[PDB]
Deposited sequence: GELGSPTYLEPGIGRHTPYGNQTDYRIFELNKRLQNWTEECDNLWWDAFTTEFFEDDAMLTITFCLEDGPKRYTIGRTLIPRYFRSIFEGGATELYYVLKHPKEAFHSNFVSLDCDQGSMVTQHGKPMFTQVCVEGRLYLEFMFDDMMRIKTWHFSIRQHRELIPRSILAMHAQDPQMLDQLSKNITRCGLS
């Protein structure tokens, strides 16, 4: 499956993040995975859509929100090829973040993730739509 491997790669680049990561690093990350005309939409029923120029700031904001790790889990995603793009539709999608040492908490935002990738060599994200269902904060036993 060609598409969910792009999300494996996206999760892997986010592992390279340190607290000493430049704004030029987020530009390089975004340029690797997103088209120059990419649109990212978060749905809570308040719907917010950001253009390509803010996608780097979106991902940075999550870490500057306190997060140390960020990875996406896609349970049974449906891949379909179209003339213009490849679609990835996942109802059971999880956005997971590990937070600072003092709090040492994990946030698991569950919802539907819909992605349209360019049907070319780079396989960059054209559309990112995440419709959030549930919001879970897990705290340790210690």
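Residues of the deposited sequence missing from the coordinate set occupy positions 1-20, 65-69, 168-192.
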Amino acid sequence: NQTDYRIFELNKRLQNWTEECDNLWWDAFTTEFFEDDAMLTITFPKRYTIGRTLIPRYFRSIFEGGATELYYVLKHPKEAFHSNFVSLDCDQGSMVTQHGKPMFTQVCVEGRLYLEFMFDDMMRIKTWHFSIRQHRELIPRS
From here on, numbers count along this sequence of modelled residues.
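Taking only CA atoms, the mean B-factor in the PDB entry is higher for 102-110 than for the other of 102-110 and 77-85. As recorded in the PDB entry, 62-70 is the stretch of 25-33 and 62-70 with the greater mean C-alpha temperature factor. Ranked by Cα temperature factor within the chain, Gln134 sits in the highest third according to the deposited record. Among the modelled residues of the chain, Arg47 sits in the highest third by CA temperature factor in this PDB entry. Sort the chain's modelled residues by C-alpha temperature factor and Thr127 lands in the lowest third, per the entry.
Per the PDB record, residue ranking by Cα B-factor puts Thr18 in the highest third of the chain.
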